[PDB]
Each structure stands twice: as structure tokens, then as C-alpha cells.
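Only one structure is covered here, and it is reproduced in the block below.
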Amino acid sequence: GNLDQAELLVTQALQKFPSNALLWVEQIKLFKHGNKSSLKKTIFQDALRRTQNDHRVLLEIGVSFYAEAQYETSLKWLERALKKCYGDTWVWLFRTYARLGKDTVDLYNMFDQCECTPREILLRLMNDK
Amino acid sequence: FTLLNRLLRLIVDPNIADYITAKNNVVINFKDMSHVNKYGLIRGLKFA
Amino acid sequence: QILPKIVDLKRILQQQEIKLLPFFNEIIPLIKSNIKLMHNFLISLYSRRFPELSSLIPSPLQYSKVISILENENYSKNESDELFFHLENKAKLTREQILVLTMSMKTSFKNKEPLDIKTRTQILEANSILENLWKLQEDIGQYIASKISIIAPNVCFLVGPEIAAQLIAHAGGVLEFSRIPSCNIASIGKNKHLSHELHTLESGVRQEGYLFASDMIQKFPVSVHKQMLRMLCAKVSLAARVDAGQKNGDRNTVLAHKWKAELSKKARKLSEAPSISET
Amino acid sequence: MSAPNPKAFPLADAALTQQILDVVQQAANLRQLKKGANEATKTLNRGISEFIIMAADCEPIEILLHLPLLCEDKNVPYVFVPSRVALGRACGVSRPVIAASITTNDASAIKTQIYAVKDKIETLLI
Amino acid sequence: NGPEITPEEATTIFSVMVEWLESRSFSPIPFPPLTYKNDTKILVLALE
RNA sequence: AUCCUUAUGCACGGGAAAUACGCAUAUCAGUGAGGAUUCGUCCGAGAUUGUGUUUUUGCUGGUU
Ligand SMILES: *OP(=O)(O)OP(=O)(O)OC[C@H]1O[C@@H](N2CN(C)c3c2[nH]c(N(C)C)nc3=O)[C@H](O)[C@@H]1O
């Protein structure tokens, strides 16, 4: 608790490094209930410019949407994170189509090409929501 | 226009239709006078 | 849980009808976040039914209401002008907003199937939640509108208390509003922006907010509007920054007097126009 | 001078002002600087700032006094310099300027002047 | 006085086009793609 | 001592433009000029007003 201080710990830590990839993920996770809605767009640009590229930034920005809403808007991001691929992304993907429909089996082969309980877990993670 | 946008959507992809509807607003000057064109079609534009 | 928590807060405010306002600050971000959920949750339900309505009707309250009206069985017999009348009367719309609905009604959605019972329930439950939230938000502003002389003596002096109350209810506090940089203010009370909006004013004001409706703007000829938002929007933020600074026990106006004097005198000069030239 | 504004704090001396205003201008020419209040207030919200400089004799002073309370939450140093007219020049502007925020680029050429001056400024905040 | 087309009037109009195009089986015109065959031929025509 | 960066000054050499360049006992202007927006926000310094010259400014050379 006191995520309020986590605002500053990110800041101090991010002043020092900053290009680090992880640190921006927690700067992002913040805006979820960080409730500062204005600057979120500008900060996703910086996170995506500062580290550029990456995965976890793209994945976390994606999830910030899926968490909220707009299951269609979070698709672009998660799909955009794959083209740079690694198991963290696929979970959110199947979740999205669940809130969407009918695409599930065909996407499945891709999974095997990126590889065993990975088939068995996917269901484990599909039961989360 | 509010009809025109719809009809062009029917026959075209919105991104263009929106442009066509927008291009006809403008602000028309003749020497000292000036009025926005809300209602009619301006026939001086190429796609008219 | 909503109805339980909602009923008391309206009465908790009505029972009082200072300490609350700091709680008020916390609340304003919270209500808004939830509404953008429920609104975006209702869209999830009509993606199948009527995909274009998301665009054409932007705000949740007018979207949630049209959800119902359109969903209602009684109107659906067909060749009912009741629909039109209803929209106009019930979920406030202007002629322009209906024309789009009518035609968009033809291309996209299917009336062959009327949405299922489960989903109907969800909508009803979602609509009720939305209404509860919206009422709460509306109530908050009035209470704010009552305290304006107390919390923001300068801002009411320029803009007028009807509006100041609307502004401060957006960031949810004087502090928050003082943080806002002046370019972003003028766009607060803007309904939204869609492609077929079909707008270019004579003014040349691309963004029309709550401030745009104020006194210090529309008391002047139409040519000087785009110059007077900007000139006023800055002095609002200067006023709002002073209000946060000001001690709660004593609030003194005086800053406003300069900032009106300048503004009225400055607006005159823009209008005045050139002195005539020797040939 | 005139009575230096009691709310002005930390107030840089003569020797620090020369060292600060010189950094300002040195950043202006690399366009790492941002001038004015709102431009500076924008910076902090984003999180790119290094330190804020303000005018002490800004008339009335209450219009910038919000910056200090914002800076303390983002952990960003700040100081007042004794005139606005001088700060106007350093930013490359004809006309008076009451606040300015140097920004971050960690590939920058001047990086080592900045850490120098923040080190000096944070001392003043006791 | 607002737009003179009246909502009830509009449906009658817009409905006719909708049936015609569908009757005629009309694919809508796409947006001009970045890679498009005729971009050259259609610039030269247009500029000349 | 070498080397490197930015600003300013004089300068060889190479280009582009003059519908362009200025001037004012004159109005405002980061205490926000003037714009952009995917509507969430984003850039941040000149805009008015009167005026001077603008198919040309100075300077040489040929041929009649
Ligand atoms: O060029 P000259 O020998 O005339 O320099 P000066 O005689 O003016 O005298 C003292 C200065 O010499 C410079 N030097 C000289 N050397 C060899 C040297 C210098 N500086 C450094 N550093 C400071 C890194 N390293 C050296 O090896 C200095 O400027 C002295 O002030």
C-alpha cells in the first residue's frame, strides 16, 4: 500500500536509469488506478520512445486497455507485441478473443511454432477469467 | 450535408466521404464579405 | 452494492444541505473512471446488435438512453413516429442527431432478432448503474456550485459561478485545476468530435468548451472570439492558481479586478480597427 | 535591490545566479530549455524536468507559487533568481520570463553543467 | 430553422439508395492504397 | 599539451533568393503570440497597424 509513494520511487529510480525496460512497466501499471487520465497518452509515447521497441511496454500498454475495456483496441497492441517475438503475451490474447469470439483454434498452431505443459497451462490461464 | 455524408458512405469508404463533406464548408470570401458555407454545395471543387 | 452506496451519499450531501470537499476530490476521479467502464461495457453488448451507434452517439447518458428506447418492444411495431418524438423528448437530441440515427438504422442492425433476455437484463442493470452514477455526479456539482464563493472567489468573479463550478468539478479540486496548463482548459466542455460533425465556425474557434459559453466572450463581436478565449483561458488558470494559494480562512479577490480590467479594455482594442490613412 | 520577497525561497545569491543563468542559456541553444510558467508546469506532469528556475520579483508572486508545491512531490530542485528581466534574456527572449524548466536528455552535451548546478541548488533547500 | 429535411422525409430517400445498390450488387469504392497500380496514370491525368 | 561540443565575431571557397527586405516618440505579447488535434490532449514566439524600396542598390569597361 501507499502506491502514492510508489509514484516517487518510480520517479527517483527512473531519473537515474531511465531507458530501463522494466521501470516503465511499473510507471504504466500505475495509471490503471493511478487515475491521472490526462497524461497517459503522452507517457505511453515516451515509454515507447524511450526504450523503443521492447515487449513488456507494448504488452503493458495493451493490458491497460483490456483491464479497462475496448477489447478491440487492446488487440492491436498485443498483436503488435507478437511480431517482435514470450509466454506473457499469449495469455492476454486468448482472453481478448474470449470477450470477442470464434478465432481461437486457428491461432493455436502459432503457439506450437513458438515452442511440455504449454498447451495444458494455456487452459490453466484461460480459467483465470 | 448530414444526408450527403451518409450517401457517400454508402458508395465509398468513410475516410474519403468525410473529406468530401468537409471540403465544402470553407469560408468564402469576396472582398469584404465572408460567410461559411453550411448548406449548399460549392461547384468550384474538382470532385463536385 | 451500487444502489446501497449511492442512496446514502446523495442523502449524506442532502443531510448537510468543507471536510467533504477533500473526500470530493477523491471521488471525482473515481466516478468518471467507472462511467467510462460501464459505457464501454454497454458497447460490448451492442457490437453485435448495432455497431455504428458507438460512433454516432458519443456520450454515455444519451447512449444509455437510446439503448433503452430502441430496445423497447412497444415502438418496434413499426411506422411509429413515436420513436422520433421520444428521442427528442426523452434523451435529449437535436434534429441533426436523429437524422443520422434513422439512416444508420437502415444499413446495420437486425430487427429480425430482438436481443436475448440475459443481455436485456445486463443492459437494464447497466443502465440503472449509469443513471445512479450520473445523478451522483450531477448532485456533486450543485454542492460545489453552492460553495464557489468559498473555494474559488477569483474564478467565479471572471467566469461566473455557474461555470466555475462546472470546471472545478472536472479535475476535482482547486489544486487539480491549478495544475492544468492553460492550453488544455479550453477544451473541457466540448461535447466530442466525430467526422460527420460538420463544423467550421465564423469565429474560427476549433474548440468550444464550457468557457466558450461564458460572459466575457459572447459580449463581443464575433470576429474577436478566437482571440478572447486564449486571452481569457490564461487568466482563468492564473486566477485558479491564486485560489489554491489563498488561505481557506481568508480569501481575497483583487486579482480579478486587474484581470477583468485588462480583458475588457483589451477586447475593445481588438474590435476598434485601424485609424484611417492619408492617401 | 528591493525587499526580496519573503516567500521567495531558496533564493540564489549573486555567484550562483551567474552560474545558473549561464546554464539556462547554454541549454537554450540546444533547445533542452522550456520557458514560462505553463510550459514548466507541463514538464513536471510529464516527468522530464531537471530543475526549475523562478523569478523572485515576479509581480504578484502568487501566480508562480504553485510550482514549489508541485516540485516537492516530483522530487525536483528549484530556486529563485533575483530578477525576471535577467531570466528573460537567458531564455532568448526580449521580454520578461518568470519560470523555466531545464529538461532531460541523457546524451546531452551540457549534462555535466546541470548535475553541477542541481547539486548546488539542493543544498539551498535545507 | 435547422435542416429542412425532416427525419421522416430522410428515411424514404436513404432507403431507396440502399435497395438500389444492393439490388445492383455494388461493391463500395475503397480507399486509394499506398501501393496501387495506377497512381502514376492518375497523377499525370490530373496534373495535366 | 593535443582532441572534442555549442554559441558569437572576422574570412577564403561553393550555392539559393529579391514578391523580398527592412523601418516606427506605435498597439498588444511566456503574467502565453500563433497554431495542431486520433478529442484524451499536443506544439510554444511573434501577431496586429502605418509605412520605404522591390522587372531593381552602388561601381566600372566596350562599342556609336
Ligand atoms: O603552451 P604553453 O607551454 O605556453 O602553456 P603555458 O606555458 O601557458 O603554461 C602552463 C599551462 O600549460 C598548459 N599545459 C601544458 N601541459 C604540458 C599540460 C597543460 N595542461 C594539462 N592539463 C591541465 C590537462 N596537461 C598538460 O600536460 C596548462 O594550461 C597550464 O596552465
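Ordered as shown in the C-alpha cells, chains take letters A, B, and onward, while each chain numbers its residues from 1 and ligands are numbered from 1 in the order shown.
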- Task: Grab me every residue within 12 Å of ligand 1, counting only C-alpha atoms (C1' of nucleotides) and all ligand atoms, and send it over as a ChimeraX atom specification.
- Result: /F:1-3
- Non-local contacts of segment 8-12 of chain C (12 Å; only C-alpha atoms (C1' of nucleotides); under 4 positions in same chain excluded) as a list in words: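 Once the adjacent positions are removed, what remains is residues 1, 2, 3, 4, 16, 17, 20, 23, 24, 27, 132, 133, 134, 135, 136, 137, 138, 139, 140, 141, 142 and 143 of chain C.
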May I have a table of the residues of chain C lying at most 12 Å from chain E, giving each one's closest pair of atoms and their distance in Å to one decimal, counting only C-alpha atoms, ordered by chain and ascending residue number, as JSON lines?
```
{"residue": "C:79", "atom": "CA", "partner": "E:8", "partner_atom": "CA", "distance": 9.8}
{"residue": "C:80", "atom": "CA", "partner": "E:8", "partner_atom": "CA", "distance": 10.2}
{"residue": "C:81", "atom": "CA", "partner": "E:8", "partner_atom": "CA", "distance": 7.8}
{"residue": "C:82", "atom": "CA", "partner": "E:8", "partner_atom": "CA", "distance": 11.3}
{"residue": "C:83", "atom": "CA", "partner": "E:8", "partner_atom": "CA", "distance": 10.7}
{"residue": "C:84", "atom": "CA", "partner": "E:7", "partner_atom": "CA", "distance": 7.8}
{"residue": "C:85", "atom": "CA", "partner": "E:7", "partner_atom": "CA", "distance": 10.3}
{"residue": "C:87", "atom": "CA", "partner": "E:7", "partner_atom": "CA", "distance": 11.6}
{"residue": "C:88", "atom": "CA", "partner": "E:7", "partner_atom": "CA", "distance": 11.3}
{"residue": "C:94", "atom": "CA", "partner": "E:2", "partner_atom": "CA", "distance": 9.5}
{"residue": "C:95", "atom": "CA", "partner": "E:7", "partner_atom": "CA", "distance": 7.5}
{"residue": "C:96", "atom": "CA", "partner": "E:3", "partner_atom": "CA", "distance": 7.6}
{"residue": "C:97", "atom": "CA", "partner": "E:7", "partner_atom": "CA", "distance": 9.8}
{"residue": "C:98", "atom": "CA", "partner": "E:7", "partner_atom": "CA", "distance": 6.7}
{"residue": "C:99", "atom": "CA", "partner": "E:7", "partner_atom": "CA", "distance": 5.3}
{"residue": "C:100", "atom": "CA", "partner": "E:7", "partner_atom": "CA", "distance": 8.8}
{"residue": "C:101", "atom": "CA", "partner": "E:7", "partner_atom": "CA", "distance": 9.2}
{"residue": "C:102", "atom": "CA", "partner": "E:11", "partner_atom": "CA", "distance": 6.3}
{"residue": "C:103", "atom": "CA", "partner": "E:11", "partner_atom": "CA", "distance": 6.0}
{"residue": "C:104", "atom": "CA", "partner": "E:14", "partner_atom": "CA", "distance": 9.5}
{"residue": "C:105", "atom": "CA", "partner": "E:11", "partner_atom": "CA", "distance": 9.2}
{"residue": "C:106", "atom": "CA", "partner": "E:15", "partner_atom": "CA", "distance": 7.2}
{"residue": "C:107", "atom": "CA", "partner": "E:18", "partner_atom": "CA", "distance": 7.5}
{"residue": "C:108", "atom": "CA", "partner": "E:18", "partner_atom": "CA", "distance": 11.1}
```
- Message: Which of segment 21-98 of chain D end up as strand (DSSP E) when DSSP is run on this backbone - answer as a PyMOL selection string?
- Response: chain D and resi 49-55+78-81
Atoms kept (C-alpha atoms) for selection, written as a short mmCIF file (atom, residue, chain, number, x, y, z; two decimals), in the first residue's frame:
```cif
data_model
loop_
_atom_site.label_atom_id
_atom_site.label_comp_id
_atom_site.auth_asym_id
_atom_site.auth_seq_id
_atom_site.Cartn_x
_atom_site.Cartn_y
_atom_site.Cartn_z
CA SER D 49 12.36 18.18 -15.79
CA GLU D 50 15.78 18.70 -14.14
CA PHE D 51 15.20 21.77 -12.14
CA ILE D 52 13.03 24.86 -12.11
CA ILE D 53 14.27 28.42 -12.00
CA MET D 54 11.90 31.12 -11.00
CA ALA D 55 11.81 34.82 -10.81
CA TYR D 78 14.27 24.64 -7.50
CA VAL D 79 15.46 28.16 -6.80
CA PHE D 80 14.60 31.72 -7.25
CA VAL D 81 16.88 34.10 -9.03
#
```
At a cut-off of 10 Å, list the chain D residues touching chain C, using only C-alpha atoms, as a PDB file with N, CA, C and O atoms, in the first residue's frame.
```pdb
ATOM      1  N   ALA D  37       5.623  29.808 -17.322  1.00  0.00           N
ATOM      2  CA  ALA D  37       5.024  29.006 -16.293  1.00  0.00           C
ATOM      3  C   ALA D  37       4.406  27.725 -16.765  1.00  0.00           C
ATOM      4  O   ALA D  37       4.792  26.618 -16.290  1.00  0.00           O
ATOM      5  N   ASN D  38       3.441  27.885 -17.657  1.00  0.00           N
ATOM      6  CA  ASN D  38       2.681  26.769 -18.134  1.00  0.00           C
ATOM      7  C   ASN D  38       3.560  25.730 -18.815  1.00  0.00           C
ATOM      8  O   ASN D  38       3.414  24.542 -18.609  1.00  0.00           O
ATOM      9  N   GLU D  39       4.517  26.205 -19.605  1.00  0.00           N
ATOM     10  CA  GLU D  39       5.484  25.319 -20.242  1.00  0.00           C
ATOM     11  C   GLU D  39       6.255  24.513 -19.196  1.00  0.00           C
ATOM     12  O   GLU D  39       6.579  23.346 -19.414  1.00  0.00           O
ATOM     13  N   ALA D  40       6.543  25.144 -18.061  1.00  0.00           N
ATOM     14  CA  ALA D  40       7.274  24.482 -16.954  1.00  0.00           C
ATOM     15  C   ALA D  40       6.409  23.556 -16.182  1.00  0.00           C
ATOM     16  O   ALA D  40       6.807  22.447 -15.891  1.00  0.00           O
ATOM     17  N   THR D  41       5.178  23.966 -15.954  1.00  0.00           N
ATOM     18  CA  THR D  41       4.210  23.119 -15.278  1.00  0.00           C
ATOM     19  C   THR D  41       3.897  21.864 -16.065  1.00  0.00           C
ATOM     20  O   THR D  41       3.599  20.867 -15.493  1.00  0.00           O
ATOM     21  N   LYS D  42       3.955  21.968 -17.385  1.00  0.00           N
ATOM     22  CA  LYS D  42       3.745  20.824 -18.251  1.00  0.00           C
ATOM     23  C   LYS D  42       4.835  19.793 -18.004  1.00  0.00           C
ATOM     24  O   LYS D  42       4.581  18.589 -18.022  1.00  0.00           O
ATOM     25  N   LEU D  44       6.719  18.997 -15.439  1.00  0.00           N
ATOM     26  CA  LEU D  44       6.701  18.219 -14.210  1.00  0.00           C
ATOM     27  C   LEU D  44       5.661  17.125 -14.324  1.00  0.00           C
ATOM     28  O   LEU D  44       5.938  15.990 -13.919  1.00  0.00           O
ATOM     29  N   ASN D  45       4.501  17.442 -14.895  1.00  0.00           N
ATOM     30  CA  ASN D  45       3.433  16.480 -15.015  1.00  0.00           C
ATOM     31  C   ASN D  45       3.878  15.294 -15.842  1.00  0.00           C
ATOM     32  O   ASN D  45       3.552  14.156 -15.500  1.00  0.00           O
ATOM     33  N   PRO D  60       2.324  40.309  -9.160  1.00  0.00           N
ATOM     34  CA  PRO D  60       2.458  39.453  -7.962  1.00  0.00           C
ATOM     35  C   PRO D  60       3.040  38.035  -8.002  1.00  0.00           C
ATOM     36  O   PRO D  60       2.932  37.342  -8.978  1.00  0.00           O
ATOM     37  N   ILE D  61       3.638  37.621  -6.897  1.00  0.00           N
ATOM     38  CA  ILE D  61       4.387  36.366  -6.831  1.00  0.00           C
ATOM     39  C   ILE D  61       3.490  35.139  -6.757  1.00  0.00           C
ATOM     40  O   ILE D  61       3.905  34.036  -7.082  1.00  0.00           O
ATOM     41  N   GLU D  62       2.241  35.329  -6.362  1.00  0.00           N
ATOM     42  CA  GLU D  62       1.358  34.200  -6.106  1.00  0.00           C
ATOM     43  C   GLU D  62       1.056  33.393  -7.344  1.00  0.00           C
ATOM     44  O   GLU D  62       0.579  32.286  -7.248  1.00  0.00           O
ATOM     45  N   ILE D  63       1.322  33.943  -8.509  1.00  0.00           N
ATOM     46  CA  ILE D  63       0.957  33.279  -9.736  1.00  0.00           C
ATOM     47  C   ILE D  63       1.895  32.116 -10.042  1.00  0.00           C
ATOM     48  O   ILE D  63       1.519  31.163 -10.746  1.00  0.00           O
ATOM     49  N   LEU D  64       3.107  32.155  -9.498  1.00  0.00           N
ATOM     50  CA  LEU D  64       4.009  31.011  -9.673  1.00  0.00           C
ATOM     51  C   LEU D  64       4.155  30.199  -8.449  1.00  0.00           C
ATOM     52  O   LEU D  64       4.882  29.230  -8.475  1.00  0.00           O
ATOM     53  N   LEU D  65       3.515  30.562  -7.352  1.00  0.00           N
ATOM     54  CA  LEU D  65       3.817  29.863  -6.092  1.00  0.00           C
ATOM     55  C   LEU D  65       3.278  28.472  -6.018  1.00  0.00           C
ATOM     56  O   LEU D  65       3.512  27.782  -5.034  1.00  0.00           O
ATOM     57  N   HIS D  66       2.589  28.048  -7.059  1.00  0.00           N
ATOM     58  CA  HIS D  66       2.145  26.718  -7.116  1.00  0.00           C
ATOM     59  C   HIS D  66       3.261  25.742  -7.493  1.00  0.00           C
ATOM     60  O   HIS D  66       3.194  24.582  -7.074  1.00  0.00           O
ATOM     61  N   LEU D  67       4.249  26.213  -8.262  1.00  0.00           N
ATOM     62  CA  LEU D  67       5.348  25.364  -8.734  1.00  0.00           C
ATOM     63  C   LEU D  67       6.087  24.684  -7.606  1.00  0.00           C
ATOM     64  O   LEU D  67       6.342  23.500  -7.700  1.00  0.00           O
ATOM     65  N   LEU D  69       5.101  23.665  -4.693  1.00  0.00           N
ATOM     66  CA  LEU D  69       4.354  22.562  -4.130  1.00  0.00           C
ATOM     67  C   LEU D  69       4.250  21.404  -5.078  1.00  0.00           C
ATOM     68  O   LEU D  69       4.064  20.304  -4.621  1.00  0.00           O
ATOM     69  N   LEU D  70       4.314  21.636  -6.389  1.00  0.00           N
ATOM     70  CA  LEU D  70       4.352  20.571  -7.354  1.00  0.00           C
ATOM     71  C   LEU D  70       5.745  19.944  -7.405  1.00  0.00           C
ATOM     72  O   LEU D  70       5.860  18.732  -7.592  1.00  0.00           O
TER      73      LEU D  70
END
```
- Message: I need the helix (DSSP H, G or I) residues of chain B per DSSP on the backbone, written as a PyMOL selection string.
- Response: chain B and resi 4-11+14-23
Next, the residues of the selection above should be written as a tab-separated table (two decimals), in the first residue's frame with C-alpha atoms.
```
chain	number	residue	atom	x	y	z
B	4	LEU	CA	-24.68	13.64	-48.09
B	5	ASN	CA	-22.13	12.07	-45.73
B	6	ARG	CA	-24.39	9.10	-45.31
B	7	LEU	CA	-24.93	8.57	-49.01
B	8	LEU	CA	-21.25	8.82	-49.79
B	9	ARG	CA	-20.57	6.29	-47.01
B	10	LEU	CA	-22.83	4.01	-48.89
B	11	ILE	CA	-20.80	4.15	-52.11
B	14	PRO	CA	-15.63	6.89	-44.95
B	15	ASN	CA	-12.26	8.37	-44.86
B	16	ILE	CA	-12.95	9.99	-48.24
B	17	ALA	CA	-16.58	10.84	-47.61
B	18	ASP	CA	-15.64	12.73	-44.53
B	19	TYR	CA	-13.13	14.68	-46.59
B	20	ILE	CA	-15.66	15.48	-49.29
B	21	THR	CA	-18.20	16.71	-46.77
B	22	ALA	CA	-15.55	18.80	-45.02
B	23	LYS	CA	-14.13	20.38	-48.15
```
- Query: Excluding same-chain residues fewer than 3 positions from residue 266 of chain C, what lies within 12 Å of it counting only C-alpha atoms (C1' of nucleotides), as a VMD selection string?
  - Reply: (chain C and resid 216 220 224 227 to 228 231 to 232 258 to 263 269 to 272) or (chain F and resid 27 to 28)
- Expected answer as a PyMOL selection string: chain F residues within 12 Å of chain C, only C-alpha atoms (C1' of nucleotides): chain F and resi 26-44+47-51
Residues just named, written with C-alpha atoms (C1' of nucleotides) as a PDB file, in the first residue's frame:
```
ATOM      1  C1'   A F  26       3.056  52.701 -32.386  1.00  0.00           C
ATOM      2  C1'   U F  27      -0.636  48.752 -30.225  1.00  0.00           C
ATOM      3  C1'   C F  28      -0.514  44.212 -27.509  1.00  0.00           C
ATOM      4  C1'   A F  29       2.822  39.754 -26.463  1.00  0.00           C
ATOM      5  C1'   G F  30       5.762  33.117 -21.970  1.00  0.00           C
ATOM      6  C1'   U F  31       1.744  37.189 -16.202  1.00  0.00           C
ATOM      7  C1'   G F  32       1.114  32.864 -23.327  1.00  0.00           C
ATOM      8  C1'   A F  33       1.938  35.298 -29.778  1.00  0.00           C
ATOM      9  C1'   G F  34       0.051  31.964 -33.120  1.00  0.00           C
ATOM     10  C1'   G F  35      -1.267  27.094 -34.392  1.00  0.00           C
ATOM     11  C1'   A F  36      -2.229  21.288 -34.443  1.00  0.00           C
ATOM     12  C1'   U F  37      -5.681  17.515 -32.562  1.00  0.00           C
ATOM     13  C1'   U F  38      -6.674  10.417 -33.101  1.00  0.00           C
ATOM     14  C1'   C F  39     -10.825  14.810 -28.792  1.00  0.00           C
ATOM     15  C1'   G F  40      -7.666  12.031 -24.239  1.00  0.00           C
ATOM     16  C1'   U F  41      -4.626  16.049 -25.012  1.00  0.00           C
ATOM     17  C1'   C F  42      -0.168  18.173 -28.135  1.00  0.00           C
ATOM     18  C1'   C F  43       3.415  22.168 -30.090  1.00  0.00           C
ATOM     19  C1'   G F  44       5.326  27.392 -27.971  1.00  0.00           C
ATOM     20  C1'   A F  47       0.548  38.692 -34.365  1.00  0.00           C
ATOM     21  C1'   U F  48      -1.625  43.175 -35.430  1.00  0.00           C
ATOM     22  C1'   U F  49      -1.432  48.669 -37.546  1.00  0.00           C
ATOM     23  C1'   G F  50       1.014  52.607 -40.655  1.00  0.00           C
ATOM     24  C1'   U F  51       4.690  52.839 -43.947  1.00  0.00           C
TER      25        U F  51
END
```
